[PDB]
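Asks: Next comes coords-v4.pdb, PDB, C-alpha atoms:
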```pdb
ATOM      1  CA  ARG A 206     -19.238 -25.189 -16.197  1.00  0.00           C
ATOM      2  CA  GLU A 207     -20.922 -28.133 -17.951  1.00  0.00           C
ATOM      3  CA  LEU A 208     -19.254 -30.737 -15.705  1.00  0.00           C
ATOM      4  CA  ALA A 209     -20.405 -28.841 -12.609  1.00  0.00           C
ATOM      5  CA  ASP A 210     -23.925 -28.673 -14.068  1.00  0.00           C
ATOM      6  CA  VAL A 211     -24.168 -32.419 -14.712  1.00  0.00           C
ATOM      7  CA  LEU A 212     -22.518 -33.170 -11.352  1.00  0.00           C
ATOM      8  CA  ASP A 213     -25.023 -30.921  -9.561  1.00  0.00           C
ATOM      9  CA  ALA A 214     -27.872 -32.656 -11.416  1.00  0.00           C
ATOM     10  CA  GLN A 215     -26.763 -36.099 -10.274  1.00  0.00           C
ATOM     11  CA  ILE A 216     -26.433 -34.679  -6.732  1.00  0.00           C
ATOM     12  CA  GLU A 217     -30.145 -33.963  -6.589  1.00  0.00           C
ATOM     13  CA  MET A 218     -30.757 -37.322  -8.281  1.00  0.00           C
ATOM     14  CA  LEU A 219     -28.736 -39.139  -5.595  1.00  0.00           C
ATOM     15  CA  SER A 220     -29.292 -37.125  -2.387  1.00  0.00           C
ATOM     16  CA  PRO A 221     -32.820 -38.090  -1.134  1.00  0.00           C
ATOM     17  CA  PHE A 222     -32.206 -41.848  -1.403  1.00  0.00           C
ATOM     18  CA  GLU A 223     -29.256 -42.027   1.014  1.00  0.00           C
ATOM     19  CA  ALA A 224     -31.254 -41.032   4.103  1.00  0.00           C
ATOM     20  CA  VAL A 225     -34.072 -43.533   3.512  1.00  0.00           C
ATOM     21  CA  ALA A 226     -31.726 -46.291   2.295  1.00  0.00           C
ATOM     22  CA  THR A 227     -30.595 -47.412   5.768  1.00  0.00           C
ATOM     23  CA  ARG A 228     -34.130 -47.838   7.122  1.00  0.00           C
ATOM     24  CA  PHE A 229     -35.152 -49.436   3.818  1.00  0.00           C
ATOM     25  CA  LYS A 230     -32.385 -52.048   3.902  1.00  0.00           C
ATOM     26  CA  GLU A 231     -32.881 -52.866   7.597  1.00  0.00           C
ATOM     27  CA  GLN A 232     -36.633 -53.356   7.207  1.00  0.00           C
ATOM     28  CA  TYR A 233     -36.003 -55.316   3.993  1.00  0.00           C
ATOM     29  CA  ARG A 234     -33.608 -57.596   5.888  1.00  0.00           C
ATOM     30  CA  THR A 235     -36.195 -58.150   8.632  1.00  0.00           C
ATOM     31  CA  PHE A 236     -39.008 -58.799   6.152  1.00  0.00           C
ATOM     32  CA  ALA A 237     -36.772 -61.133   4.135  1.00  0.00           C
ATOM     33  CA  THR A 238     -36.062 -63.036   7.355  1.00  0.00           C
ATOM     34  CA  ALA A 239     -39.836 -63.246   7.851  1.00  0.00           C
ATOM     35  CA  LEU A 240     -40.223 -64.449   4.249  1.00  0.00           C
ATOM     36  CA  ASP A 241     -37.561 -67.110   4.851  1.00  0.00           C
ATOM     37  CA  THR A 242     -39.420 -68.241   7.978  1.00  0.00           C
ATOM     38  CA  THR A 243     -42.841 -68.421   6.314  1.00  0.00           C
ATOM     39  CA  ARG A 244     -41.375 -70.265   3.321  1.00  0.00           C
ATOM     40  CA  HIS A 245     -39.657 -72.593   5.808  1.00  0.00           C
ATOM     41  CA  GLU A 246     -42.962 -73.199   7.654  1.00  0.00           C
ATOM     42  CA  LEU A 247     -45.429 -74.361   4.968  1.00  0.00           C
ATOM     43  CA  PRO A 248     -45.742 -78.175   5.241  1.00  0.00           C
ATOM     44  CA  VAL A 249     -47.612 -79.490   2.184  1.00  0.00           C
ATOM     45  CA  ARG A 250     -48.128 -83.266   2.088  1.00  0.00           C
ATOM     46  CA  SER A 251     -51.846 -84.054   2.270  1.00  0.00           C
ATOM     47  CA  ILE A 252     -54.959 -85.122   0.361  1.00  0.00           C
ATOM     48  CA  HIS A 253     -58.700 -85.166   1.208  1.00  0.00           C
ATOM     49  CA  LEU A 254     -58.652 -85.725   4.935  1.00  0.00           C
ATOM     50  CA  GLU A 255     -58.520 -89.201   6.450  1.00  0.00           C
ATOM     51  CA  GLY A 256     -58.341 -89.263  10.237  1.00  0.00           C
ATOM     52  CA  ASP A 257     -56.550 -86.060  11.195  1.00  0.00           C
TER      53      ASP A 257
ATOM     54  CA  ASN B 193       5.526 -13.824 -47.471  1.00  0.00           C
ATOM     55  CA  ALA B 194       4.807 -10.310 -46.167  1.00  0.00           C
ATOM     56  CA  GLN B 195       1.115 -10.401 -47.086  1.00  0.00           C
ATOM     57  CA  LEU B 196       0.612 -13.935 -45.734  1.00  0.00           C
ATOM     58  CA  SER B 197       2.294 -12.939 -42.457  1.00  0.00           C
ATOM     59  CA  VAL B 198       0.092  -9.824 -42.281  1.00  0.00           C
ATOM     60  CA  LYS B 199      -3.074 -11.887 -42.808  1.00  0.00           C
ATOM     61  CA  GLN B 200      -1.987 -14.462 -40.211  1.00  0.00           C
ATOM     62  CA  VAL B 201      -1.261 -11.714 -37.660  1.00  0.00           C
ATOM     63  CA  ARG B 202      -4.665 -10.153 -38.408  1.00  0.00           C
ATOM     64  CA  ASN B 203      -6.431 -13.473 -37.816  1.00  0.00           C
ATOM     65  CA  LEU B 204      -4.411 -14.056 -34.632  1.00  0.00           C
ATOM     66  CA  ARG B 205      -5.254 -10.809 -32.909  1.00  0.00           C
ATOM     67  CA  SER B 206      -8.863 -11.048 -34.132  1.00  0.00           C
ATOM     68  CA  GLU B 207      -9.338 -14.371 -32.350  1.00  0.00           C
ATOM     69  CA  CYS B 208      -7.245 -13.010 -29.456  1.00  0.00           C
ATOM     70  CA  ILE B 209      -9.472  -9.965 -28.818  1.00  0.00           C
ATOM     71  CA  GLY B 210     -12.506 -12.233 -29.173  1.00  0.00           C
ATOM     72  CA  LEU B 211     -11.023 -14.475 -26.485  1.00  0.00           C
ATOM     73  CA  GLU B 212     -10.421 -11.828 -23.844  1.00  0.00           C
ATOM     74  CA  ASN B 213     -13.800 -10.206 -24.603  1.00  0.00           C
ATOM     75  CA  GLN B 214     -15.540 -13.512 -23.884  1.00  0.00           C
ATOM     76  CA  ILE B 215     -13.245 -14.014 -20.864  1.00  0.00           C
ATOM     77  CA  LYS B 216     -14.590 -10.703 -19.557  1.00  0.00           C
ATOM     78  CA  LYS B 217     -18.164 -11.577 -20.460  1.00  0.00           C
ATOM     79  CA  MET B 218     -19.195 -15.247 -20.362  1.00  0.00           C
ATOM     80  CA  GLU B 219     -17.864 -15.947 -16.819  1.00  0.00           C
ATOM     81  CA  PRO B 220     -20.354 -14.709 -14.188  1.00  0.00           C
ATOM     82  CA  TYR B 221     -19.996 -17.815 -11.963  1.00  0.00           C
ATOM     83  CA  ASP B 222     -16.975 -19.333 -10.210  1.00  0.00           C
ATOM     84  CA  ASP B 223     -17.291 -22.048  -7.538  1.00  0.00           C
ATOM     85  CA  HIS B 224     -14.527 -24.451  -8.581  1.00  0.00           C
ATOM     86  CA  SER B 225     -12.907 -24.623  -5.129  1.00  0.00           C
ATOM     87  CA  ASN B 226     -15.132 -27.454  -3.868  1.00  0.00           C
ATOM     88  CA  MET B 227     -15.233 -29.226  -7.255  1.00  0.00           C
ATOM     89  CA  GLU B 228     -12.794 -32.126  -6.802  1.00  0.00           C
ATOM     90  CA  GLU B 229     -13.961 -32.462  -3.196  1.00  0.00           C
ATOM     91  CA  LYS B 230     -17.584 -32.918  -4.281  1.00  0.00           C
ATOM     92  CA  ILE B 231     -16.400 -35.547  -6.780  1.00  0.00           C
ATOM     93  CA  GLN B 232     -15.222 -37.578  -3.778  1.00  0.00           C
ATOM     94  CA  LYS B 233     -18.738 -37.592  -2.313  1.00  0.00           C
ATOM     95  CA  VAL B 234     -19.997 -38.386  -5.827  1.00  0.00           C
ATOM     96  CA  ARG B 235     -18.221 -41.726  -5.977  1.00  0.00           C
ATOM     97  CA  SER B 236     -19.284 -42.414  -2.391  1.00  0.00           C
ATOM     98  CA  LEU B 237     -22.880 -42.034  -3.566  1.00  0.00           C
ATOM     99  CA  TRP B 238     -22.089 -44.407  -6.423  1.00  0.00           C
ATOM    100  CA  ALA B 239     -20.346 -46.771  -4.019  1.00  0.00           C
ATOM    101  CA  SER B 240     -23.435 -46.771  -1.809  1.00  0.00           C
TER     102      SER B 240
END
```
The structure in this file should be written as structure tokens.

Replies:
Amino acid sequence: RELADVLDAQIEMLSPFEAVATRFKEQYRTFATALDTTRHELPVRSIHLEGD
Amino acid sequence: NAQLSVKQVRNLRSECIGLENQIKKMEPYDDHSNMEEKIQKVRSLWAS
């Protein structure tokens, strides 16, 4: 009885996350790829502008 | 020896009758048949 109660409780703790987890991890992978790109495309070697 | 055996028998069937009275009473739910099976999904959730 008590083991079924605590098991049932962790079922409603765990159940809603599994559906959203796949979309969450795919969009996190895409946005982390975007973060890698924007970190890989910030060239910083300059001072007060001379010429161009 | 006779009186100690009598007292021990009295205690035994006292706790006995208490046990089948609670067995009649405190069990209004029984859904154990899926129990182990659900435990499988449980670790799958943990694995996830």

Asks: Using only C-alpha atoms and a cut-off of 9 Å, which residues of chain B sit close to chain A? Please list them as a compact mmCIF listing (two decimals) with C-alpha atoms, keeping the file's coordinate frame.

Replies:
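In the end it all went to result-v5.txt:
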```
# COMPACT_ATOMS: atom_id res chain seq x y z
CA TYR B 221 -20.00 -17.82 -11.96
CA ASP B 222 -16.98 -19.33 -10.21
CA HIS B 224 -14.53 -24.45 -8.58
CA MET B 227 -15.23 -29.23 -7.26
CA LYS B 230 -17.58 -32.92 -4.28
CA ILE B 231 -16.40 -35.55 -6.78
CA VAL B 234 -20.00 -38.39 -5.83
CA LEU B 237 -22.88 -42.03 -3.57
CA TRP B 238 -22.09 -44.41 -6.42
CA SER B 240 -23.44 -46.77 -1.81
```

Asks: Rounded to one decimal, what separation in Å do you get between atom CA of residue 228 of chain B and atom CA of residue 215 of chain B?

Replies: 22.9 Å

Asks: To one decimal place in Å, what is the distance between atom CA of residue 210 of chain A and atom CA of residue 218 of chain B?

Replies: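 For atom CA of residue 210 of chain A relative to atom CA of residue 218 of chain B, the distance reads 15.6 Å.
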
Asks: Can you work out the spacing between atom CA of residue 194 of chain B and atom CA of residue 207 of chain B in Å, to one decimal?

Replies: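 These atoms are spaced 20.2 Å apart.
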